[PDB]
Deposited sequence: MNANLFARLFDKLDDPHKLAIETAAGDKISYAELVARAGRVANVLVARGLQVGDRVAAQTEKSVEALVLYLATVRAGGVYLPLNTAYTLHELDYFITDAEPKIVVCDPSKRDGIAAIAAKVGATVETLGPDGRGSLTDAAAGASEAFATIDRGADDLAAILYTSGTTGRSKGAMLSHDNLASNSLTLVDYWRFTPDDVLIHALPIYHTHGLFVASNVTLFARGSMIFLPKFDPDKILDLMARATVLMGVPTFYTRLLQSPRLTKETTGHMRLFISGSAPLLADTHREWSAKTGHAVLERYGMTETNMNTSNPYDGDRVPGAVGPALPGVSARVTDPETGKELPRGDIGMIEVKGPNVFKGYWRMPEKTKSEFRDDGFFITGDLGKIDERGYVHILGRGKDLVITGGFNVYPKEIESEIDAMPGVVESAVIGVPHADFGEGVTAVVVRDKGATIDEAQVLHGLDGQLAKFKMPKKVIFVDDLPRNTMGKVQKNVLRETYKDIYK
């Protein structure tokens, strides 16, 4: 039947009156109520000139109404284009010009400001504020709820999400890209209609917009729709929720709370982290304080989710799990494009029903990033181990070259980080008359941890090829980090420039 994501989500409901969404104010919206809301908004969009295939660009603060706009856009056969709330009027000009949306929805504060930009591409402007009120909401109230969901095929567009070295690119995502991936995750992450997801992520990125929302809705579960992340509120809610999706900072911040215990997390079923790697130390602490594991998973705008750690059993250090059902992952020589033996490091490529359709109005870039056999070149370097787990090892800028051989610091860092007493390691290359660069590990230990330099080197023995062995292990109270909290390896290289003199 209809491949329209809205139809896949809402066509057959056994229990339409069950909770879909609890708002931050505590309002309850059933599945039936959510569908009706979407019907009213879809009627407004069509009334304002939205035709099948047109884009709706939306720069909205997070609200249930903003989520409804996404659903309504796809229902009406439109292509939903969320835009980071951080974009200035000048920055919006780029996206609106590139995408040529028919409708632009923005905060009431920008209404008159975006008028000229919108007029340039022939778009109509509506508004939606952080409270979910605005011209869109005014109009929807007076619109009919009945709407015939537009027929769409698997490969028809549902959304465009822009990426973050060149200009920002519009990733074209199909109905089946979105439906296939979240349906796969419902099963892989063992969701049921009894699940309650704490939703504290932005909805202008893949994670909060698609993964959290679509997985919950395909599962027939519900979400508690928070406007933003707040450690105390989340702790509050865990007593009556089952799932949390977050990013590492969620977990590290939560860990800083005396409130975090086995009891306060006793009701929870599943914790997931994405976007950036969790430290092994954080995995360990979370497990020690709460009794729970935290699942990690590899994904990106162009591919949705590619892998996930298994629901049951072993996390592998440095890895984010095997390819999900339906998804193919491989590692290739970055230049020649030939697949490498398992365990060798190269370019990660993925193929599957999750992979996007290309970049909007950028045919040459689209051509260059796909192999002849349909695999998408991710830009990420890494390896796939003999167990099939994917290890992401960065994007190549941090390369160390020792005795003429390439070394990827993350490969070594994950092994050291997995050792008891280790908070975090940073592997760098500094001048070494014999090897050009000497592999060097700089390690933060737990207060009073007993692990020493010899123990780290012994632990690495056998785990990695000999040429990758650090020549020295240096212990420090902390790592230098930039204002964004990223470890500064240039600073480390300056500090330790003379260690092999």
Quiz item: Quick one: where does the model skip the deposited sequence?
Solution: 165-166
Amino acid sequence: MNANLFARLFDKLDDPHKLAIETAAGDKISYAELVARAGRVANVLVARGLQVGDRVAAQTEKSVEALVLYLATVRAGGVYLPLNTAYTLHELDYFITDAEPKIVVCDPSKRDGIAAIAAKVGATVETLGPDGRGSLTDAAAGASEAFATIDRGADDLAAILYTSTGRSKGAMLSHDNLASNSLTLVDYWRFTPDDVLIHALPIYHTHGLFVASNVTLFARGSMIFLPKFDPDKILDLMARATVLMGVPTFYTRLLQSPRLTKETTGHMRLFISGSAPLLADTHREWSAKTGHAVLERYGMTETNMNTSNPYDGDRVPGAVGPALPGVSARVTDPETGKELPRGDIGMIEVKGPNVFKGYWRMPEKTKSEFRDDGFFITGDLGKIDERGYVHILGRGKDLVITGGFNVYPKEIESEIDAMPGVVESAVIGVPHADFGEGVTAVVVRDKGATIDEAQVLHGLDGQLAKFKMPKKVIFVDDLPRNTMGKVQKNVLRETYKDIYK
From here on, numbers count along this sequence of modelled residues.
Self-check item: Comparing 66-74 with 23-31, the one whose average Cα B-factor in the PDB entry is higher
Solution: 23-31
Exercise. Can you let me know which of the two, 75-83 or 137-145, has the higher average C-alpha B-factor in the entry?
Key: 137-145
Self-check item: Residue with highest C-alpha B-factor in the PDB entry, from 304, 174, 307, 265
Solution: 265
Practice problem: Return the residue from 383, 120, 351, 297 that has the highest Cα B-factor in the entry. | Solution: 120
Self-check item: Modelled-residue ranking by C-alpha temperature factor, third containing residue 453
Solution: highest
Quiz item: When the modelled residues of the chain are sorted by Cα temperature factor, does residue 470 land in the lowest, middle or highest third?
Solution: middle
Quiz item: What third of the chain, by the recorded C-alpha B-factor, contains residue 4?
Solution: lowest
Quiz prompt | Within-chain third of residue 59 by Cα B-factor, per the entry | solution = lowest
Practice problem: Determine, from the deposited record, the chain-internal third of the Cα B-factor for residue 400: lowest, middle or highest. | Solution: middle
